Q: 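I'd like to ask you about the structure that follows.
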Amino acid sequence: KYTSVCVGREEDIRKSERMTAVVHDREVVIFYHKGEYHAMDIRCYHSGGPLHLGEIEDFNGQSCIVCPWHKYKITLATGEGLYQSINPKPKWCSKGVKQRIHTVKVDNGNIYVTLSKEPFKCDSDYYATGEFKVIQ
Ligand code: FES
């Protein structure tokens, strides 16, 4: 189950700058930002919050989705949890890929999503499949 699902129209996403889709039983959010498309698992790796309801902002020169529940910052391009480490000048830090990023292509003004296999495991996978509870 790893080839293109057409998730909709280029025109339909440019307006709102985000849309959700179900791709081979995996629910994803697609963001269109600064002329680029980014797809990831819809439920936040931290506790399962609705990333499609978060705000997009730049931190350390990287575009991030901010989960609306506990304001975790996830890079659009790599699914990295980002934070500043402060010693009571703040420095930006990562814990690697937390949020599974899928592949997006446009062709003929259609948005196509392909589920990713890389990396082998993401913290968001727990909230992406089967039996779970979500915590706010
Ligand atoms: S569930 Fe997203 S930051 Fe806690």
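Order of listing sets the numbers, starting from 1, for every ligand and every atom in it. The figures that follow rest on heavy atoms only: side chains count, while hydrogens, waters and symmetry mates do not. This chain uses plain numbering: 1 for the first residue, then up along the sequence.
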Q: Between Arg26 and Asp125, does any side-chain N to carboxylate O distance fall below 4.0 Å?
A: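 Yes.
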Q: Distance under 4.0 Å to a non-hydrogen atom of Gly49: what atoms of ligand 1 satisfy this?
A: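 Near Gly49, meaning under 4.0 Å from one of its heavy atoms, ligand 1 has 1 (S).
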Q: Looking only at side chains, do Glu10 and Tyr37 share a donor and an acceptor under 3.5 Å apart?
A: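 Looking only at side-chain atoms, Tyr37 and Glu10 do form a donor-acceptor pair, the distance falling under 3.5 Å.
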Q: If only atom types and distance count, is the side chain of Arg100 paired as donor or acceptor with the main-chain N or O of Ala128 below 3.5 Å?
A: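 Checking the backbone N and O of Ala128 against the side chain of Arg100, no donor-acceptor pair under 3.5 Å is found.
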Q: Considering non-hydrogen atoms only, spot the tightest contact between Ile56 and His33 and give its length.
A: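 Result for this residue pair: CG2-CE1, 3.5 Å.
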Q: Identify, by atom number and element, the atoms of ligand 1 in contact range of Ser47, meaning under 4.0 Å from any of its heavy atoms.
A: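 So the atoms of ligand 1 that pass are 1 (S).
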Q: Has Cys44 got an N, O or S atom lying less than 2.8 Å from atom 4 (Fe) of ligand 1?
A: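 No N, O or S atom of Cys44 is closer than 2.8 Å to atom 4 (Fe) of ligand 1, so no.
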Q: Closest to atom 4 (Fe) of ligand 1, which N/O/S atom of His70 is it?
A: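 Nearest to atom 4 (Fe) of ligand 1 within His70's N, O and S set: ND1.
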Q: For the residue pair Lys73 and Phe59, would you count it as a cation-pi contact if the rule is NZ or CZ under 6.0 angstrom from the ring centre and within 45 degrees of the ring axis?
A: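 Positive - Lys73 is close enough to the ring of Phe59 and near enough to its axis.
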Q: Suppose I only count heavy atoms of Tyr72 and a 4.0 Å limit; which atoms of ligand 1 are within that range?
A: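 What qualifies from ligand 1 is 3 (S).
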Q: Of all the atoms in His46, is at least one N, O or S atom closer to atom 4 (Fe) of ligand 1 than 2.8 Å?
A: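 A backbone or side-chain N, O or S atom of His46 is under 2.8 Å from atom 4 (Fe) of ligand 1.
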Q: Mark up the atoms of ligand 1 that fall under 4.0 Å of a heavy atom belonging to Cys67, in ascending order.
A: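 In order of numbering, the contacting atoms are 1 (S), 2 (Fe), 3 (S).
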Q: Under 4.0 Å between a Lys/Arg side-chain N and an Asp/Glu carboxylate O for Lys34 and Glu36?
A: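 Salt bridge: no.
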